[PDB]
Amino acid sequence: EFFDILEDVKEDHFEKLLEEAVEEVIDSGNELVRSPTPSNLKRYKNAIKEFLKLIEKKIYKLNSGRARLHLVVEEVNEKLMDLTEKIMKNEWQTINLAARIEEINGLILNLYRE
């Protein structure tokens, strides 16, 4: 009986962890946009790293789901590599950074709904 509440505490805990990770992805996307520093590019990359561990766990520990996951993560990392490459080349006038970030957020939020 108590092991039925235990699983509920576990589920809710992990759900609050996972929500919070979504927020940190948006919060640091938004900060990266305001000052595209090196220190912020990584609050970004890190936050998205942490987001992808938690959702893996949820999608696994539960074939169409895993297949979106594999291909969307593949997409996120490409865009993360396009983004980086363009900060490093100092291509600040074609970068389109706010929009590169709505788009990567867009994809993280699909993932969250899955």
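Residue indices: 1-based, along the sequence shown.
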Deposited residues omitted from coordinates between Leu62 and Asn63, as a class: 4 to 9
Could you check which stretch, 93-101 or 8-16, carries the larger mean CA temperature factor in the entry? 8-16
Going by the average Cα B-factor in the PDB entry, point out whether 76-84 or 53-61 comes out higher. 53-61
Sorting the chain's modelled residues by C-alpha B-factor and splitting them into thirds places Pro36 in the middle
